[PDB]
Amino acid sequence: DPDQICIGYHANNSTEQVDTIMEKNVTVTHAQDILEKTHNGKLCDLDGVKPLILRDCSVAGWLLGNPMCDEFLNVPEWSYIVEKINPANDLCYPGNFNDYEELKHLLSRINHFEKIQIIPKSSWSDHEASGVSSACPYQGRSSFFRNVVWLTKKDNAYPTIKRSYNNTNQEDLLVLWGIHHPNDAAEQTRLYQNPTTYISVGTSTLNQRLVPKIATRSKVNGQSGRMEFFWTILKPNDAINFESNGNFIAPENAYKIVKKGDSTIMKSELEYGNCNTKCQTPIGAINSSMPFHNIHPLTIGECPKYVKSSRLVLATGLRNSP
């Protein structure tokens, strides 16, 4: 019957749980999840810009112009690059790409090339420029890389080559060339006539002299021969000078670096998702206002911070009485 006043606190039907150091699974009236745990399982445009999806082609295969990669002969601007773990279409003619990983690292800061013809096939009068291999088929006929040219002897003669290119453009130029390593001495003379050869390359900074390596090697894509490729960045107004008396796989096209920016090479088996996002990972895009996520540690865009947690939940309310 007498009047009274009581002090108390809020309870509700919440079953939300949080953890503390001294106690787990504490029921609270309110809690705030701060961990994004879901993704759309797709590769998307990044803030309106489509990526470069290399499909079955490698970076090497793309840049050298493996015939199987004609899809990527003059790609438009990209937001990022996707490459499979082991692309099928790489060096069709076997060998290697020198400092390949350092070249890939450059791409991570590039969004666009304008590929240009710097030395036309038609300009080789005293040499054959039409060399092909069954290792690089195109529509079932032997072919060769599109951006370089396999030079061989003409009328049992390989006169010493001397060609220069001056980068009269305003952009840095990525230039590619290579050397052919034959199987034996008989092959050497059959292709190039001269038994002892070299390729020398010079710019303002590059000072290269390559000598072929004759050796009997195991067949790869039908070939025991190898081709070894090289690259440099030719500055505006610098010139590149090639000299050779054999084994020279010469440039045809080179790439103007027209757009530098943030990019990356993701390894993913996924295909293009016809979709747009602000945060992309190799296994899916993220659309979240959460401050953390646990999707994948490699992301690009405006993203939450990655953590390995299976669960992050902050108490906001108080301990809820059952």
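Throughout, we count residues from 1 along the sequence that is shown.
Comparing 72 to 80 with 134 to 142, the stretch with the higher mean C-alpha B-factor in the PDB entry is 134 to 142. If you average the C-alpha B-factors over 27 to 35 and over 263 to 271, the higher value belongs to 263 to 271. Considering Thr205, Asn98, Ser123, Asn247 together, the PDB entry gives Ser123 the largest C-alpha B factor. Taking the deposited Cα B-factors for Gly65, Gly48, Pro282, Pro297, the highest one is held by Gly48. Per-chain ranking of the deposited C-alpha B factor places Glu302 in the highest third.
Among the modelled residues of the chain, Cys44 sits in the highest third by CA temperature factor in this PDB entry.
Compared with the other modelled residues of the chain, the Cα B-factor recorded for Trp231 ranks in the lowest third. Per the deposited record, the Cα B-factor of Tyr158 falls in the highest third when ranked against the other modelled residues of its chain.
Annotation for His105: CA B-factor lies in the lowest third of the chain's modelled residues.
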